[PDB]
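Text of upload03.cif, listed as mmCIF, C-alpha atoms:
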data_protein
loop_
_atom_site.label_atom_id
_atom_site.label_comp_id
_atom_site.auth_asym_id
_atom_site.auth_seq_id
_atom_site.Cartn_x
_atom_site.Cartn_y
_atom_site.Cartn_z
CA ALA A 393 0.00 0.00 0.00
CA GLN A 394 1.27 3.45 -0.97
CA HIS A 395 -0.80 5.17 1.75
CA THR A 396 -1.16 4.96 5.53
CA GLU A 397 -4.42 3.87 7.17
CA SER A 398 -5.65 5.61 10.32
CA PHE A 399 -8.11 4.70 13.06
CA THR A 400 -10.89 6.87 11.60
CA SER A 401 -10.02 6.29 7.93
CA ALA A 402 -12.89 3.81 7.52
CA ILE A 403 -15.55 5.82 9.39
CA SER A 404 -18.02 7.02 6.75
CA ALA A 405 -20.26 10.07 6.94
CA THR A 406 -23.22 7.82 7.76
CA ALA A 407 -21.21 6.10 10.50
CA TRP A 408 -20.35 9.48 12.00
CA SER A 409 -24.01 10.49 11.72
CA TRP A 410 -25.12 7.42 13.67
CA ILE A 411 -22.35 7.85 16.25
CA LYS A 412 -23.31 11.49 16.75
CA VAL A 413 -27.00 10.59 17.02
CA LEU A 414 -26.40 7.85 19.59
CA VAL A 415 -23.97 9.88 21.71
CA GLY A 416 -26.02 13.08 21.48
CA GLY A 417 -29.34 11.35 22.09
CA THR A 418 -28.12 9.50 25.16
CA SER A 419 -26.39 12.63 26.48
CA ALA A 420 -29.47 14.79 25.87
CA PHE A 421 -31.71 12.23 27.56
CA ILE A 422 -29.40 12.18 30.60
CA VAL A 423 -29.38 15.99 30.71
CA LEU A 424 -33.18 16.01 30.46
CA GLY A 425 -33.40 13.76 33.50
CA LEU A 426 -30.96 15.85 35.54
CA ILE A 427 -32.69 19.11 34.57
CA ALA A 428 -36.11 17.73 35.49
CA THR A 429 -34.77 16.66 38.89
CA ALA A 430 -33.33 20.12 39.59
CA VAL A 431 -36.47 21.91 38.39
CA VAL A 432 -38.72 19.78 40.59
CA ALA A 433 -36.42 20.50 43.54
CA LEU A 434 -37.02 24.21 42.95
CA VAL A 435 -40.77 23.62 42.61
CA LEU A 436 -40.81 21.94 46.03
CA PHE A 437 -38.75 24.78 47.48
CA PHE A 438 -41.33 27.29 46.26
CA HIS A 439 -44.02 25.06 47.76
CA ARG A 440 -42.50 25.56 51.20
CA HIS A 441 -41.76 29.25 50.57
CA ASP B 1 -62.22 5.71 65.85
CA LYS B 2 -60.24 7.62 63.22
CA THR B 3 -56.80 7.38 64.88
CA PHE B 4 -55.11 4.00 65.28
CA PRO B 5 -52.00 3.31 67.39
CA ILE B 6 -48.93 1.74 65.81
CA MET B 7 -47.17 -0.88 67.95
CA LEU B 8 -44.03 -2.88 67.13
CA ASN B 9 -43.59 -5.04 70.25
CA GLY B 10 -46.75 -4.05 72.13
CA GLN B 11 -45.55 -0.52 72.90
CA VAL B 12 -47.00 2.48 71.09
CA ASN B 13 -44.51 3.82 68.54
CA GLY B 14 -46.83 6.31 66.83
CA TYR B 15 -50.32 6.94 65.54
CA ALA B 16 -52.03 6.68 62.17
CA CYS B 17 -54.96 8.81 61.01
CA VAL B 18 -57.40 8.87 58.10
CA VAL B 19 -57.44 12.32 56.49
CA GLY B 20 -59.26 13.19 53.28
CA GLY B 21 -59.63 9.51 52.39
CA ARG B 22 -55.98 8.48 52.85
CA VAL B 23 -54.23 6.69 55.71
CA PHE B 24 -51.20 8.60 57.02
CA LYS B 25 -48.30 7.45 59.17
CA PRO B 26 -44.69 8.64 59.53
CA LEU B 27 -41.82 6.72 57.97
CA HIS B 28 -39.90 6.57 61.26
CA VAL B 29 -42.80 4.86 63.09
CA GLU B 30 -42.16 1.10 63.18
CA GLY B 31 -44.75 -1.57 63.93
CA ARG B 32 -48.19 -2.63 62.75
CA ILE B 33 -51.49 -0.77 62.92
CA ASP B 34 -53.92 -2.41 65.33
CA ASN B 35 -56.66 -2.25 62.68
CA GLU B 36 -55.98 -5.16 60.32
CA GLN B 37 -58.05 -3.41 57.64
CA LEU B 38 -55.40 -0.67 57.50
CA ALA B 39 -52.30 -2.73 58.32
CA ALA B 40 -52.90 -4.92 55.25
CA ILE B 41 -52.77 -1.87 52.95
CA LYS B 42 -49.59 -1.44 50.91
CA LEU B 43 -48.33 2.07 51.69
CA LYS B 44 -46.35 4.32 49.35
CA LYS B 45 -43.12 5.80 50.72
CA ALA B 46 -43.32 9.59 50.37
CA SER B 47 -39.78 10.24 51.58
CA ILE B 48 -40.26 13.90 50.60
CA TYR B 49 -42.53 14.31 53.66
CA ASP B 50 -41.57 11.30 55.83
CA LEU B 51 -45.08 9.90 55.37
CA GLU B 52 -46.53 6.56 54.28
CA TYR B 53 -49.93 6.69 52.60
CA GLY B 54 -52.51 4.45 50.97
CA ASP B 55 -56.12 4.30 49.83
CA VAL B 56 -58.80 3.86 52.50
CA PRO B 57 -60.75 0.60 52.01
CA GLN B 58 -64.38 0.98 50.97
CA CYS B 59 -65.38 -0.60 54.29
CA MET B 60 -63.45 2.17 56.10
CA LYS B 61 -64.39 5.10 53.84
CA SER B 62 -66.79 6.44 56.48
CA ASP B 63 -63.98 6.79 59.06
CA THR B 64 -62.39 9.76 57.28
CA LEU B 65 -61.45 13.13 58.76
CA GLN B 66 -62.01 16.31 56.78
CA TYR B 67 -59.00 18.60 56.31
CA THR B 68 -58.57 22.23 55.32
CA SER B 69 -55.83 24.68 54.35
CA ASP B 70 -57.47 27.66 56.10
CA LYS B 71 -55.37 27.83 59.28
CA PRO B 72 -55.52 31.36 60.72
CA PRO B 73 -53.51 32.21 63.85
CA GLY B 74 -55.14 30.91 67.01
CA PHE B 75 -55.56 27.80 69.13
CA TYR B 76 -56.14 24.28 67.80
CA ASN B 77 -57.07 21.00 69.48
CA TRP B 78 -55.38 17.61 69.54
CA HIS B 79 -55.26 14.52 71.75
CA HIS B 80 -53.12 16.31 74.37
CA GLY B 81 -55.22 19.49 74.49
CA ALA B 82 -54.92 22.92 72.91
CA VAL B 83 -52.22 23.84 70.39
CA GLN B 84 -51.15 27.42 69.69
CA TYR B 85 -50.24 28.40 66.11
CA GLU B 86 -48.61 31.76 65.39
CA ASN B 87 -46.11 33.23 62.92
CA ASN B 88 -46.41 30.09 60.77
CA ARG B 89 -45.28 28.02 63.77
CA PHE B 90 -47.09 25.31 65.75
CA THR B 91 -46.29 25.34 69.46
CA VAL B 92 -47.35 23.41 72.56
CA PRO B 93 -46.37 23.89 76.21
CA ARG B 94 -43.24 22.02 77.25
CA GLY B 95 -43.98 18.49 78.42
CA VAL B 96 -47.17 18.18 76.34
CA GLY B 97 -46.40 15.35 73.95
CA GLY B 98 -43.27 13.38 73.21
CA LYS B 99 -41.89 10.25 71.62
CA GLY B 100 -44.78 8.13 70.36
CA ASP B 101 -47.09 11.06 69.61
CA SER B 102 -46.00 11.48 65.98
CA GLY B 103 -48.82 11.05 63.48
CA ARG B 104 -51.48 12.64 65.67
CA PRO B 105 -53.72 15.13 63.82
CA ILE B 106 -54.44 18.72 64.82
CA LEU B 107 -58.04 19.90 64.49
CA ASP B 108 -59.54 23.37 64.16
CA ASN B 109 -62.75 24.74 65.69
CA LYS B 110 -64.78 22.80 63.08
CA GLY B 111 -63.09 19.43 63.55
CA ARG B 112 -61.02 19.67 60.36
CA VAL B 113 -57.46 18.36 60.37
CA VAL B 114 -54.95 21.14 59.73
CA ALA B 115 -51.66 19.33 60.42
CA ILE B 116 -49.97 16.02 61.24
CA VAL B 117 -47.31 16.03 63.96
CA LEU B 118 -43.93 14.47 63.15
CA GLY B 119 -41.80 15.77 66.02
CA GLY B 120 -40.84 18.92 67.84
CA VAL B 121 -38.30 21.20 69.47
CA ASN B 122 -38.36 22.21 73.14
CA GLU B 123 -37.98 26.01 73.22
CA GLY B 124 -37.89 26.94 76.88
CA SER B 125 -41.40 27.05 78.31
CA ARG B 126 -42.86 25.92 74.96
CA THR B 127 -42.22 23.09 72.50
CA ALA B 128 -42.34 23.75 68.75
CA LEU B 129 -43.76 20.95 66.59
CA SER B 130 -42.60 19.60 63.24
CA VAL B 131 -45.80 19.24 61.21
CA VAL B 132 -46.98 18.46 57.69
CA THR B 133 -49.31 21.24 56.56
CA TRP B 134 -50.87 22.70 53.42
CA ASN B 135 -49.78 26.16 52.32
CA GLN B 136 -52.10 29.03 51.43
CA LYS B 137 -52.69 27.28 48.08
CA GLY B 138 -53.38 23.88 49.67
CA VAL B 139 -50.07 22.29 48.63
CA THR B 140 -48.62 19.74 51.05
CA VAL B 141 -45.44 20.96 52.77
CA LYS B 142 -43.24 19.86 55.67
CA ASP B 143 -42.41 22.33 58.45
CA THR B 144 -39.34 21.37 60.49
CA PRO B 145 -37.92 23.65 63.21
CA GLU B 146 -34.14 23.37 63.38
CA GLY B 147 -33.09 20.47 65.60
CA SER B 148 -36.53 18.86 65.73
CA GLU B 149 -36.48 15.32 67.11
CA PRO B 150 -38.87 12.82 65.48
CA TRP B 151 -41.47 11.53 67.93
#
Write-out of the structure in structure tokens:
Amino acid sequence: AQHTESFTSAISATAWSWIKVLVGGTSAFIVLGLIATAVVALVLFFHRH
Amino acid sequence: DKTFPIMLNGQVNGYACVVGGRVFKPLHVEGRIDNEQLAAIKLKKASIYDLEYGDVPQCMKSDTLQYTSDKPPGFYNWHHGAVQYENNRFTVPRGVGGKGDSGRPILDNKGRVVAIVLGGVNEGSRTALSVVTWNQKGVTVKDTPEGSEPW
């Protein structure tokens, strides 16, 4: 071979799209859960005050 | 009867009451309710308020206490006598109540439950109570004076 292969040489645009969707979706879902927990904590605080 | 003692080894650990159609008891009260109709009920753990609750059986629906959120300053009644409420604080004279009295309800001049006692703080001649009450909008809240000991 006249060239040098790299770790990401074989990752296609569609493969990157799916990787981004899986990582972003799972991260966004986690953030949604954390945000909802913090918001409800504030709602309860306002319930007492 | 609308209040039922909770006993673990034959000693009274706390009391349960039926308010608004639900059975209430504190989380820290161990033992079984003397009424088998209530003791057999699976209770949800509302750790937010240190209360266990469940649905009143149809056979016990008549033994339900009315509650209200309208709690103006004044004196209220409970199993140990009068209770004074002022400045958003529930207070009883020192020595009135103690360990085992958690879960008792506080009633107004019309017999409506306004609070459930969880514990209290001895403040000199008077003891402040930790109670579960409804705010001016009727939302359940937990009032806990600093250092309150669960009863």
Identify all residues satisfying the PyMOL selection byres ((chain B) within 12 of (chain A)) in the given file; provide them as a list in words.
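This file gives the following for the PyMOL selection byres ((chain B) within 12 of (chain A)): residues 48, 49, 88, 132, 133, 134, 135, 136, 137, 138, 139, 140, 141, 142, 143 and 144 of chain B.
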Using all atoms listed in the file, the shortest atom-to-atom distance to residue 43 of chain B among B:28, B:22, B:112, B:71 belongs to B:22
Reference answer for the PyMOL selection byres ((chain B and resi 7) around 12), as a ChimeraX atom specification:
/B:4-6,8-16,29-35,39,100
Would you compute the distance between atom CA of residue 92 of chain B and atom CA of residue 53 of chain B? Give it in Å to one decimal.
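Atom CA of residue 92 of chain B sits 26.2 Å away from atom CA of residue 53 of chain B.
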Straight-line distance linking atom CA of residue 80 of chain B with atom CA of residue 105 of chain B, stated in Å to one decimal
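Spanning atom CA of residue 80 of chain B to atom CA of residue 105 of chain B is a straight-line distance of 10.6 Å.
The set of residues that the PyMOL selection byres ((chain B and resi 119) around 8) takes from this file is residues 98, 99, 101, 102, 117, 118, 120, 121, 129, 130, 131, 148, 149, 150 and 151 of chain B.
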